[PDB]
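Chain nomenclature is as follows: A, B, C, D, E, F, G, H and I, assigned in order of appearance, with residue numbering initiated at 1 for each chain independently.
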């Protein structure tokens, strides 16, 4: 699930030499996860924030959905407001060690 | 249908003046439970009753004060009087007068009695006085109804009416307040075993059980008439 | 009155000073909805005084919480009452026991 | 002890009693323990919490509505609320709040 | 009452511009000027507009095309 | 300090203005109504005269018939007999 | 990034709470800016230049005209309580921690807001460049580019 | 003034037109303390003669309410676009999954769960163990007798 | 007022199929709707008259663990198919029926001979699975006269679905007439096995209740 809502790059390769499993800009929507579990691949290169050369916000091509939408995030949405709020939502932490 | 054998009424038992038990002829399977439940709900839901609506007293004006010579307050008097049970003839909206002086206990017996008003408990307590010179003078407005009605509901009925000195009360119009039914199979040998249903009720004594169950039957017939079409 | 108790409710009610108790009284003469007079017997009576104890109840008074406080009588009439016995019942009280 | 107490009461020691639906008139399985609770009503009553406003007088300073029910006041919004709204991103609603 | 909005979602896609299109169409309907193309079933203009755009008859260009069609007609 | 009166009583001038806004009137009619509302005594009477109001309008198109119509509309208000 | 993600995820998993990391590296990207430099690179002989502006300047300066004028930089992370005050808009980051010092600094600088920040739209009372208002703000920005 | 007088007099036709107006009009609710975006939801208002609102129990988990002494606020959208944003974005029918990790927010945990567990069980065999049927008759037999 | 009560006039009925229909009512007096729905449901569930097969006498061993001998299907599945039959008899009492089909395989209701008062709503129902060769089989069944339902474990051998019902559900919703909103609106959904209009079955059950309740009042409301 850590990579389920992520889009990989061209670095994905099959265990067999000169073999691939999925093209560069692809979303791990629902089924390729089973295939990669079959191949037992562990190291996956995925584009993320800040690494996205945009100079303003983040390009939508490295975020996925992470929402109630089964589709990729649309343009104009404010992730920053969505973020920094979910993190502090579990106000059930522990103090005094 | 195949020989439904609709039952009849039989063995009307008067356990007490306010509590009694009624039994019915045996019927077919799976019907005593539903019949008992429906009849109980009908009786407990909508059954005509007579109660007090308003009482006027010359002495005190509002319910939150008292009168010299009594031990209890006006609110307790109201609570006692809404506990009264009384039956009236066909004419409704009847007002009666209560007047007495002295120190003795005050009950329902020593009240102005008319031919259309019948007291079931002349033993109820009306907050006996404590002073010999103390005298009571109030009139009680009594009507008939079917369901519980608070005084807030009857506010709209009087805007120009209701001068100071007359105090409304809440009407429940519930004469039974408790009932129970039981079903069992017996009294049939020539045919298949059949269940018989017995109803047990306690009332205020204002109404009679046969009349109440007849009214329940008539009203359930009245509803069920409409759904045929 | 609560049916399950702890016993301390009686002491709470009496020490609250919200109801009326009987001090050096012998027998009640007259009872009113708000007025209470008790005739003390000569045993607890010292000369130079008439020998009657009057008590006036609190009837439907606004509290600091805007609530209503009212004290209800307990005894009926002509009842021999001992010293330290409760006489009236205020709000949330019943027979000397805090009944809320 | 309470078991023998219930025994003298002609009651089952288990405390579970069968009940019948008041709506379907059907016996219930798993007989239900019943209770008589010395329950008490609190000061937090709905008629006091009853409050609403459409449009009333406003303040001389900042021209804002009154507030906490003080002579038909109006409820106050918060910054964390508009943070949540912005996460929803309904800008027109925000402008409506800020202007209308 | 339109319990949920889904048809217009793939009719538009971005989940945002559909709001503006519905707003302008409902404004034009409330101010009047055009008899609604979709049959009416005793519902307010918002749900009717949502149903019509769900039918796939109204988008961000046909309204504007009719805008020019009327404007040139003056 | 933190405690302020914060009172915005209409004083029936704001009530009259709201009634004027809530009523349908032409721009000239609305201006005439506002001018009439300006010249209202506290007792509820018009301080200025109808001819004075017409002069203050300073419009050739403005006529005594329009003033009478506005006054009837002004009369058509709560309370009756306004100004 | 991976270290902090692992640390915070262990902290949350010990209780058992599951949260998508994408928020975490969002916070990290917010945490990563204001890159100081050692080489001037014909841009500025100063410190504390944001990563976005420096990258834009070097992209539009090296490839475009002169690739020889390069400014070697180091990206320094500044704490949340610290990086929050590092905003180009004086309107923002004023309610965050302090106003008086921020107000004095802005008055000394004589700078402007441009109403780019969402808080600027909030205080002004206009549609934010996000969600429904994103399209309107994009149209407004395109119009202002033309005029 | 006539409208105000009629409204203050609370006529039946006033109630009728109120019901007509409220029919196709959304409304939103908001828990005062909320730690997530989902503390505010939109619902269809329905008139019930009382003094307190009835929040759907399944949404209470998101609202983090627990049916004790609690207070609620109500906000009415006026502009058409506000209502459109309400029905497309504030609406409970759209907010199912958690935006934090992705789990479905609406998850019953109360009496529904135990009732589901109880209805689907078998001590050893109840009345009519060996009976075989089609499946619609299951309720038929359970309600009446035999099963 | 004293004894008046609202009578439903909204008798609109919408049906999805010829066997399934949903019925809604107008706002009705307090509490009655729930009692009424429960009562009618129990009546139509308990004892509805009808014709059904009590047992089958097929060639072979009377035991349940019967072989296929070409039918490639257990007799349990056969009788499960059999139990879902809406057979009608106008006036005949219990009568014997049987089938005999060539080995084509689709064992349908047409395999049974046609009697004077024996008829089926649907002749396309499958009786038995597809056979494998040209063999034939006999049924030797009998339809009966009775009411309601009873498993044949008690009264021998398959079942007795004398009640022509499929599924019934009732719901109650609040409503208002003029000012008060304490009114009962009743929702009825009926699925019938066939041969009878669900509304006709509703009317039949209502008549059954009326004739089960008419003599309680002892000839009331004469005029």
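As a working rule, a residue touches a chain if its C-beta (ideal position, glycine included) is under 8 Å from a C-beta of that chain, and two chains touch if they have at least 3 such contacts.
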item: Reaching chain I from chain C through chains that touch each other, fewest steps; value: 2
item: Chain pair showing more contacts of the two, B-D and B-C; value: B-C
item: Central chain (distance from its CA mean to the mean of all protein CA atoms); value: H
item: Distance from chain F to chain C - Cα centre to Cα centre, in angstrom; value: 69
item: Centre-to-centre distance between chain E and chain C (centres being mean Cα positions), rounded to whole Å; value: 78
item: Chain centre separation (chain B, chain F; CA means) in Å; value: 64
item: For chain G, residues that touch 2 or more chains besides their own; value: 19-20, 23, 118, 128, 130-132, 134-135
item: Residue list for chain B, restricted to those that touch at least two other chains; value: 30, 34, 37-38, 41
item: Residue list for chain D, restricted to those that touch at least two other chains; value: 24-25, 84, 86-90, 92
item: Chain A-touching residues of chain G, taken from the complex the two chains share; value: 12, 15, 17, 19-30, 32, 52-53, 55-56, 118, 128-131, 134-135, 138
item: For the chain A and chain D complex, residues of the former touching the latter; value: 76-78, 81-82, 85
item: Residues of chain B touching chain I in the complex; value: 1-2, 4, 6, 8-9, 28-31, 34, 37-38, 41-42, 45-46, 48, 144, 146, 214, 217-229
item: Contacting residues of chain I [partner chain D, same complex]; value: 34, 38
item: Interfacial residue positions of chain I with respect to chain H in the complex; value: 41-42, 45-46, 76, 80, 83-84, 149, 151, 153, 165-168, 174, 178-179, 181-182, 191
